[PDB]
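In this text, residue positions in the sequence shown follow the UniProt record's numbering: the first is 869, and each later residue adds one.
The structure appears below as structure tokens.
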Amino acid sequence: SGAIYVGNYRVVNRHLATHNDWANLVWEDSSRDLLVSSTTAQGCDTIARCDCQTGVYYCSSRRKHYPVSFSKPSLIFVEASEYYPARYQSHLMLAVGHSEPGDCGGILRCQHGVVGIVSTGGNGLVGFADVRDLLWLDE
Ligand SMILES: COc1cccc(Cl)c1NC(=O)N1CC[C@H](C(N)=O)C1
Ligand SMILES: [Zn+2]
């Protein structure tokens, strides 16, 4: 679990969005595993606008943060799960790092701010859904 709170928006993994997220829907994209909902309170986070490929993510299954090197956002095949059929997920960045299903939502950050959230993983890999291209989150 986990969310990014920026301005009047809450960004979560689309497969973990609640009934309240869907009732206050701003935008969603199944191909990216992202959903954004509106909030009444002003959010706590800042979004990076950069091309960093190193950062630090929070791993809830270890209660620890880990440094990572990650690929540029791209279209990557993701195996079928209880939430989606087998498909290509876009704007996804992969890294070598520990992750378990419940780790989805952990924030990845570089020195400029929030880069994305954990969205995929397995066998010593961790994948993050990029949010740096969503310029409207800050406007
Ligand atoms: C951190 O995620 C994992 C870690 C270890 C093993 C596995 Cl199968 C995962 N993947 C998942 O649980 N999912 C749920 C839906 C999500 C998606 N974006 O399609 C992938
Ligand atoms: Zn950066």
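For each residue, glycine too, the CB sits at the ideal point set by N, CA and C.
#### Entry: Distance cut-off 6 Å: residue 886 Cβ against heavy atoms of ligand 1
no
### Query
What's the C-alpha gap between residue 826 and residue 944?
Since the first residue shown for the chain is 869 and the last is 1007, residue 826 is missing from the structure and cannot be characterised.
### Query
Short check: CB of residue 924 to CB of residue 935, under 7 Å?
yes
### Query
Within the present structure, is the beta-carbon of residue 883 separated from the nearest heavy atom of ligand 2 by less than 6 Å?
no
#### Entry: Check your reading: residues with Cβ closer than 6 Å to ligand 1 heavy atoms
883, 901, 946, 949, 951, 952, 957, 967, 968, 969, 971, 972, 986, 987, 988, 989 and 990
### Message
Does the region 914-923 come into contact with the region 897-906, if we say contact requires no fewer than three beta-carbon pairs (one atom in each stretch) closer than 8 Å?
### Response
no
### Task
Would you kindly report the start and end of the unbroken alpha helix (DSSP H) that includes residue 919?
Segment: none, residue 919 is in no alpha helix (DSSP H) and carries neither H nor E.
### Query
Tell me, which residues are paired with residue 997 by DSSP?
960 and 985
### Message
At 4 residues or longer, what runs of the alpha helix (DSSP H) sit wholly inside the region 878-940?
### Response
887-891
### Query
My guess is that residue 916 and residue 981 are in contact by the Cβ rule of under 8 Å, so how many angstroms apart are they, rounded?
4 Å
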